[PDB]
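Asker: piece number one of the complex, untouched:
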Amino acid sequence: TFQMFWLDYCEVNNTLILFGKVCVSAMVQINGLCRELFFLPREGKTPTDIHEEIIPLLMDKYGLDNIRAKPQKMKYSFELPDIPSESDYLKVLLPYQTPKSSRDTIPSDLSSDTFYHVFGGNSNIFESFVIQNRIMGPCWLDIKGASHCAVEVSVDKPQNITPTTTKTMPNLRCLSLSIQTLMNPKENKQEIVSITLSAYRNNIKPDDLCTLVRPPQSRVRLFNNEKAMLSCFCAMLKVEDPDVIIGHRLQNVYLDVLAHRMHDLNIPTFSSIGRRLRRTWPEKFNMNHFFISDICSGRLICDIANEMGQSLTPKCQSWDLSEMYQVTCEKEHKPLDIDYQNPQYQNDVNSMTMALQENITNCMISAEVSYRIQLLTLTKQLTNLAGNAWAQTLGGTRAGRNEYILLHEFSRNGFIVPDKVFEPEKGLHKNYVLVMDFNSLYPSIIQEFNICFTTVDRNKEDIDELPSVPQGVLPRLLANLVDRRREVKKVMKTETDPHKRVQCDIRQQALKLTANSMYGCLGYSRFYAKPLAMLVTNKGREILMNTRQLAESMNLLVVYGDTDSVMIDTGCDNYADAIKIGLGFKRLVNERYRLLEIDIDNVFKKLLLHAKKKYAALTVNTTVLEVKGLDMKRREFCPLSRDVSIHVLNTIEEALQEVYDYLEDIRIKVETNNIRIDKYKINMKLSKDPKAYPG
Amino acid sequence: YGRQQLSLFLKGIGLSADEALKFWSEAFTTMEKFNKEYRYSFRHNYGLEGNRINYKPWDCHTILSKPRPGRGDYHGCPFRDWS
């Protein structure tokens, strides 16, 4: 037997390779995987007829010696019209690896005298492997019977790998990255000058601390230039062979720049940034994001300022390194502005030393923030709930965990899957403003009204047609998740140790995220169904209108509203009184809808609302400033403009006179030209070529 | 097109900006939609907005260079656009 905790996967040469660790890293190449093709017989036809007709044709086309085909009975209740609910299908296991034309698919519309519909024609090898083997996220695999690992094995058939019940998960090889960048005004390419590498192999103290550096103008390792630096990086990265790579904004800036500088120098060992070995770059190097995501498959992208990471620190506003450290760790770090174009870095040793010190500080801070906010554990729970890629879970997808959960749950129940508002009160409110989140609005609607694919009779020909309300599959899954969350709350009531309390906090937040990402399945998506989405939207409209009436009855004025959150004005200037009123409103709403559990999300001592999603406020946590949607968030406005805006907001008759005084002396500064120029910078993207604009 | 032709003509003959607002607002026998949509355009016409360009009136050449009038249009040179 072979025991291996898998972490990632990739697709090459019609083969599926799982990247995992055996604790040292290991490989398993999975050959013999078969797309599960399901053919729906005509009215009065049997899977034996489909077998007799298509199977010899499939042998002729694909040149096999034998094809496994059996009749199996399965359901269908999705949006494809005139497909009967229950019938007898013919399961043909067509392997991904075929002697001839392995890149040609069978269209879903193959109409024959035996069958008229085809399913699984474009199934994904990783998706099919995970669905058939029912693998719900990264866990143990029981394996029985080309890479940068020390252990490399393979299995001839997919059934040789069976998931294990064990809940433990061994030590990971972590690696934080923070890279100083240089811009060369000749080619406008971001050249790497120094890298700090820190490995947490198993305020935690790193096992090792390494810093490479190249001269920008003319342990710590010194190099003559960039190329030897980066080759040594690749070699020591293979030696380290980390399970997870950590950093700040690695997803769309830093790893992109690293890969581009990897190509520009033409290094051969650039495949050590992932775990899969390669000799040459993909031929065609939006698509670049996908290509580095593919090559790095095997090493785990842990971005802490990415979408998933930033979703865990809403108290951040720019999500910068010092700010995130300050908010998550309550520790002060002053960011040092290091620009290597300055001539002092070519001859002054002390400046280069301070730059390296700041780089090492940045790397330690990134790692500490990563471990503090517990991104890894939360994403692990999300993936084990969804059964998708945990690489995808960190990557920051929307249709990633809204599809594989439905795939797993419906395939475990023998279901054929289809192939792949109130106007705002604009102005300043003196009283406290409470943020209340209705993220559990639609899922409660689904579970309460039993809306699903198998319960709501909807005219499939006319998707614009609204059906009528009818236990469903989706409501049962949602109710099970909610009951798991209830058990989590009950154990929180009793638990003593902070550690397990925090773990259960992660667990409850994971269930809340999974349950509240369930509308992305049919609203936005491989499971889109307009009648259901529009129905639930209507019912949520009804619930929101009732909530408005209740708020008006409790002497409250709603300032702004949507299906995602409801803003309320308490009418008191006390934090305690506002909290009490918000709790009362939550209780009354939960009384009017027993499955709609709402809560207090954020508190605003002072709120200046400008539009639907454009506002600024004094968040109480201590009061902290917040802004969403004002001009001080766009690129086209200089840091001086943002500073003027932040001070104006902080000030807001004495406040207005102070605003006038500040405007006068900043004008006197500007006309005299007594303000540093970099405060006047304006940035703006072009999605097109510079020559290619009418205006 | 008719609005622009007529506005720049009436500027060229010498109508004041305030009397221009007065007349244009009068001819539309709401004020809300006016202040919402037409006031800014009329003030832009007199160069009293934007880059501060007091746009010189269209001539018969430029007016003819405008796309041909249709139903609901009255701009152009009627020695052309009429029968």
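Answerer: Ah, there it is. Residues are numbered from 1 along each chain as shown, chains lettered A, B, ... in the order given.
Asker: Looks to me like residue B:44 is in a strand.
Answerer: No - judged by DSSP: H, G, I helix; E, B strand; the rest coil, residue B:44 forms no part of a strand; its state is helix.
Asker: Run through the residues that contact the closest residue to residue B:38 other than its chain neighbours.
Answerer: Leaving aside its chain neighbours, residue B:38 sits nearest to residue B:24 (7.1 Å; criterion: CB to CB, 6 or more residues apart in numbering or on different chains). C-beta: built from backbone N, CA, C; applies to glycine. If a contact means CB atoms under 8 Å, 6 or more residues apart in numbering or on different chains, then residue B:24 has B:7, B:38, B:42 as its contacts.
Asker: Relative to the whole chain's centre, how far out is the strand or helix carrying the first one?
Answerer: Per DSSP states H and E, residue B:7 falls inside helix B:2-13. Mean C-alpha position of helix B:2-13 versus that of the full chain (CA atoms, centre = their mean, to the nearest Å) differs by 5 Å.
Asker: Contacts for that helix, please.
Answerer: Under the contact criterion CB under 8 Å, 6+ apart, helix B:2-13 has outside partners B:20, B:23-24, B:41-42, B:45-46, B:54-58, B:63, B:66, B:69, B:73-75.
Asker: Would you mind listing the buried residues in it?
Answerer: Residues of helix B:2-13 classed as buried by neighbour count (16 or more other CB atoms under 10 Å in any protein chain shown): B:4-5, B:7-8, B:10-11.
Asker: that older thread, list only those of the contacts of helix B:2-13 flagged as buried.
Answerer: B:20, B:24, B:42, B:45-46, B:58, B:63, B:66, B:69, B:75.
Asker: Adding distance to residue A:379, write those out as a markdown table.
Answerer: Converted to a markdown table, the buried ones among the contacts of helix B:2-13 look like this (distance: CB to CB, whole Å):
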| residue | distance to residue A:379 |
| --- | --- |
| B:20 | 64 |
| B:24 | 61 |
| B:42 | 57 |
| B:45 | 58 |
| B:46 | 60 |
| B:58 | 64 |
| B:63 | 66 |
| B:66 | 61 |
| B:69 | 64 |
| B:75 | 63 |
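Asker: Put this one in as DNA strand C:
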DNA sequence: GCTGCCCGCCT
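Answerer: Okay, DNA strand C now, added to the rest:
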């Protein structure tokens, strides 16, 4: 990432 349409705003 690309197109059509609806509204809001500026030149």
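Asker: May I have the helix holding residue B:7 exported as CSV, CA atoms only?
Answerer: This file holds the C-alpha atoms of helix B:2-13, laid out as CSV (Å, rounded to 0.1, in the frame of the first residue of the first chain):
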residue,chain,number,x,y,z
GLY,B,2,-31.0,72.0,-34.6
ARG,B,3,-30.3,72.9,-31.0
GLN,B,4,-26.6,73.5,-31.7
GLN,B,5,-27.2,75.4,-35.0
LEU,B,6,-29.8,77.7,-33.4
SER,B,7,-27.8,78.2,-30.2
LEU,B,8,-24.5,79.2,-31.9
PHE,B,9,-26.5,81.4,-34.3
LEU,B,10,-28.2,83.2,-31.5
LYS,B,11,-24.8,83.6,-29.8
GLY,B,12,-23.4,85.1,-33.0
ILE,B,13,-26.1,87.7,-33.2
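Asker: anything in that helix near DNA strand C?
Answerer: No - looking at helix B:2-13 against DNA strand C by CB under 7 Å from any atom of the strand, there are no contacts, and the closest approach is 11.5 Å.
Asker: Check the offset of whichever strand or helix holds residue A:366 from the chain's centre.
Answerer: Using DSSP H and E, residue A:366 sits within helix A:349-373. Distance, stretch centre to chain centre, for helix A:349-373: 26 Å (CA atoms, centre = their mean).
Asker: so after it, what's the next helix or strand?
Answerer: The first helix or strand that comes after helix A:349-373 along the chain, using DSSP H and E, is helix A:375-386.
Asker: Who are the packing partners of the helix or strand just after that following helix?
Answerer: Next along the chain after helix A:375-386, taking DSSP H and E as the criterion, comes helix A:390-395. Using 3 or more CB pairs under 8 Å, 6 or more residues apart in numbering or on different chains; DSSP states H and E as the contact criterion, the elements in contact with helix A:390-395 are strand A:2-12, strand A:300-303, helix A:307-311, helix A:375-386.
Asker: build in RNA strand D:
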RNA sequence: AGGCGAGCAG
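Answerer: Placing RNA strand D onto the earlier chains gives this:
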């Protein structure tokens, strides 16, 4: 007639 912001369907 054009650009900035969203929402929709492909």
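Asker: about what we covered before: are there helices or strands packed against the helix holding residue A:366, and which ones?
Answerer: strand A:174-184, strand A:189-200, strand A:208-213, strand A:244-247, helix A:321-329.
Asker: show me the contacts for residue A:293.
Answerer: A:301, A:395 are the contacts of residue A:293 under CB under 8 Å, 6+ apart.
Asker: buried ones in the strand or helix carrying it?
Answerer: According to DSSP H and E, residue A:293 maps onto helix A:287-295. If you call a residue buried by 16+ other CB under 10 Å, then helix A:287-295 has these buried ones: A:292-293, A:295.
Asker: Tell me, how many residues neighbour residue A:212?
Answerer: 25 (other CB atoms under 10 Å in any protein chain shown).
Asker: Looks like it contacts residue A:180 (just checking).
Answerer: No - using CB atoms under 8 Å as the test, residue A:212 is too far from residue A:180 to be in contact (10.5 Å).
Asker: Checking my notes, residue A:172 in a strand, right?
Answerer: No - under three-state DSSP, residue A:172 falls outside any strand and is assigned coil.
Asker: Can you tell me how far the closest residue to residue A:150 other than its chain neighbours is from RNA strand D?
Answerer: Spatial nearest neighbour of residue A:150, excluding adjacent residues (CB to CB, 6+ apart): residue A:24 at 5.5 Å. As judged by CB to the nearest atom of the strand, to the nearest Å, residue A:24 and RNA strand D stand 46 Å apart.
Asker: So which bits of the host helix or strand of residue A:536 are buried?
Answerer: Using DSSP H and E, residue A:536 maps to helix A:530-553. Of all the residues in helix A:530-553, those buried under the rule 16+ other CB under 10 Å are A:530-536, A:539-540, A:543-544, A:547, A:551.
Asker: Just give me the closest of the residues you listed to residue A:199.
Answerer: The nearest member of the buried residues of helix A:530-553 to residue A:199, counting by CB to CB, is residue A:533 at 46.8 Å.
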